[PDB]
Amino acid sequence: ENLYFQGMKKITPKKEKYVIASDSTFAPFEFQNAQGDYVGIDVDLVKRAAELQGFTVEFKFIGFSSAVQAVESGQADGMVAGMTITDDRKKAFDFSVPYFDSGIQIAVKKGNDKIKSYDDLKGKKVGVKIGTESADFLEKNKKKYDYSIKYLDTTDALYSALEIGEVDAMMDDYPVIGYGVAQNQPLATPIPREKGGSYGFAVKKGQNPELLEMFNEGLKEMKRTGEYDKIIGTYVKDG
Ligand SMILES: NC(=O)CC[C@H](N)C(=O)O
C-alpha cells in the first residue's frame, strides 16, 4: 500500500534448502554459460528472489516433464521452466505472479522456401517437446493441417532434428526460438507466433506457500528497482 516504502515484507523460510526443478536447456530461461554453469532469466530471478530474503535454493535441471513430476510427487519443492500458467495446470499447481509473456511459434531451417503457412505443413513432419503447450497446439490442429508430429525430449533435440532434416519444422516457445535466431542459429520463422500465456513459478497446489510468497515478493522488489528489466536485458538485447 505504501508506495514510498523502501523495505520488503518479511517472508520466513521453513526449510534449510528448497529444491527447484527445471528444464535441462531452454535458453534464455535456463542454459549453460561457457563455464558450464546454469544461468538465464528463470535461474537469475529465482536465485535473486531467494537471496533477497535469506532463502536457500538448489536447482535440478532435469527436463520439463521430469520437473512437473518431481513437484507433483513432492520430491521438488517448486519449479521454474518457462512454464505457462493455464487453468488445467492450476488443478495441480499454485502459480506465482506472472513473470514473462510468451507464446509458441513454428521454426523452419534457414533458407526454407516451401513453408509459409500452416497449410504448407501438409504431409510434413513437425517436431515438438512432449508435455508442452506447443504439443497441445499441434495435436489440436493435426486434423486441420495434416502434418505428422514427432515427439522429442528437449529443445536442443528439436534444433538438432530440424537442422539435420529429421523434421521439416519444429514448434517451441517464441522467445526461445528468438534467442536462437539472435545468436545466428540456422532458424527462420515464416509463420506468425501464437501469442498466449504468461510464465509462472510453480509449487504443488496447497504446498510450500512461503516459497511461492518468496518468489512473489522478490519479483515485486526486482520490478521496483529495475533489476527485473536488467536480468531480462542480460539475455535479450533485441532493442
Ligand atoms: N520448458 C518448456 O518447454 C515449457 C514450454 C511451454 N511454455 C509450456 O509451459 O508448456
Side-chain angles (χ1 to χ4, degrees), residues 22-33 39-43 63-65 80-86 98-200 229 231-239:
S22 187
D23 205 336
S24 54
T25 289
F26 196 58
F29 300 98
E30 47 273 341
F31 67 100
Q32 293 168 285
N33 66 15
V39 299
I41 293 168
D42 283 355
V43 181
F64 185 69
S65 288
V80 69
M83 184 181 192
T84 306
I85 301 164
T86 71
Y99 69 87
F100 207 86
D101 298 317
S102 194
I104 63 173
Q105 188 168 26
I106 287 285
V108 302
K109 271 184 167 177
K110 183 173 285 188
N112 181 294
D113 299 311
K114 292 217 234 303
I115 299 165
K116 306 219 156 298
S117 70
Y118 286 121
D119 278 300
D120 292 332
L121 300 173
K122 182 174 191 72
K124 305 270 179 176
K125 297 168 191 194
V126 186
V128 75
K129 185 188 306 178
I130 195 162
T132 64
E133 294 303 294
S134 287
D136 291 347
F137 175 92
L138 289 176
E139 288 293 348
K140 174 179 179 287
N141 288 295
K142 182 172 62 176
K143 183 180 75 269
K144 183 177 180 180
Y145 300 122
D146 195 20
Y147 45 71
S148 297
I149 304 164
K150 304 300 170 183
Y151 281 94
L152 295 166
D153 67 336
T154 63
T155 290
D156 277 355
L158 298 180
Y159 288 144
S160 170
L162 181 67
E163 194 164 333
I164 69 170
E166 293 293 290
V167 299
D168 303 297
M170 60 178 275
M171 185 160 231
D172 206 338
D173 285 5
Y174 80 76
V176 169
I177 290 162
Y179 181 89
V181 167
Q183 59 182 21
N184 312 304
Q185 288 175 222
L187 303 171
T189 55
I191 302 173
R193 66 203 185 183
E194 307 291 335
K195 278 193 308 203
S198 302
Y199 297 163
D229 307 82
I231 287 168
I232 308 306
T234 297
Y235 305 102
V236 183
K237 302 187 188 296
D238 291 331

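Numbers here simply count residues along the sequence, with the first being 1.
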side-chain hydrogen bond (donor to acceptor under 3.5 Å, both in side chains): which pairs involve residues 158-171, sequence neighbours left out? none
Holding to side chain to side chain contact (heavy atoms under 4.5 Å, CB included), I want the full list of residues that pass it with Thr86, two or more places apart in sequence or in another chain. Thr84, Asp88, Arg89, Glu133
Minimum heavy-atom distance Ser134-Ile104, with the two atoms named: OG-CG2, 3.3 Å
Could you check whether atom NZ of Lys110 has more than 12 heavy atoms from other residues, nucleotides or ligands sitting under 6.0 Å from it? yes
For the student: nearest non-hydrogen atoms of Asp101 and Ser198, plus distance: OD1-OG, 2.9 Å
What is the distance from atom OH of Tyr151 to atom CD1 of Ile130, rounded to the nearest 0.5 Å? 7.0 Å
Answer yes or no: is there a donor N or O on one side and an acceptor on the other, between the side chain of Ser22 and the main chain of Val80, under 3.5 Å? yes
For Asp23 and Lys129 the tightest heavy-atom approach is OD2-NZ, 2.8 Å
Of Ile177, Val176, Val167, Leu152, which is the lone residue that meets side chain to side chain contact (heavy atoms under 4.5 Å, CB included) with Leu158? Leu152
pair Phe100-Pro28: side-chain heavy atoms closer than 4.5 Å: no
Let me confirm one number: the OG1-CZ distance from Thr154 to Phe64, rounded to the nearest 0.5 Å. 13.5 Å
Those residues that, when tested against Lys142, pass salt bridge (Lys or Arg N to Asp or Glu O under 4.0 Å) (two or more places apart): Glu139
To the nearest 0.5 angstrom, please state how far the CD1 atom of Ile85 sits from the CE atom of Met83. 9.5 Å
Is any side-chain heavy atom of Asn141 closer than 4.5 Å to a side-chain heavy atom of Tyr147? yes
Residue set satisfying salt bridge (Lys or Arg N to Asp or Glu O under 4.0 Å) with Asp119, at least two apart, ordered chain then number -> none
Smallest separation among heavy atoms of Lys116 and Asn112, with atom names: NZ-O, 4.3 Å
Residues two or more places apart in sequence or in another chain: which of them pass ring pair (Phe, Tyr, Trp, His ring centres under 6.0 Å) with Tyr235? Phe31
Are the side chains of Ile191 and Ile115 in contact, using a 4.5 Å heavy-atom criterion? yes
4.5 Å side-chain heavy-atom contact, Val236 and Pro175: no
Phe29: which of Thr155, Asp173, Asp42 passes side chain to side chain contact (heavy atoms under 4.5 Å, CB included): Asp42
If you count every heavy atom of other residues, nucleotides or ligands that lies below 6.0 Å from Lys144 atom NZ, does the total exceed 12? no
For residues 179-194, the side-chain hydrogen bond (donor to acceptor under 3.5 Å, both in side chains) pairs (sequence neighbours left out) are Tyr118-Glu194, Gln183-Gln185
dist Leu138:CG -> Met170:CE (nearest 0.5 Å) comes out at 11.0 Å
With a 6.0 Å cut-off (strictly less than), is the heavy-atom count around NZ of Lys114, excluding the residue itself, greater than 12? no
Nearest-0.5 Å distance, CD1 of residue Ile149 to NZ of residue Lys125: 14.0 Å
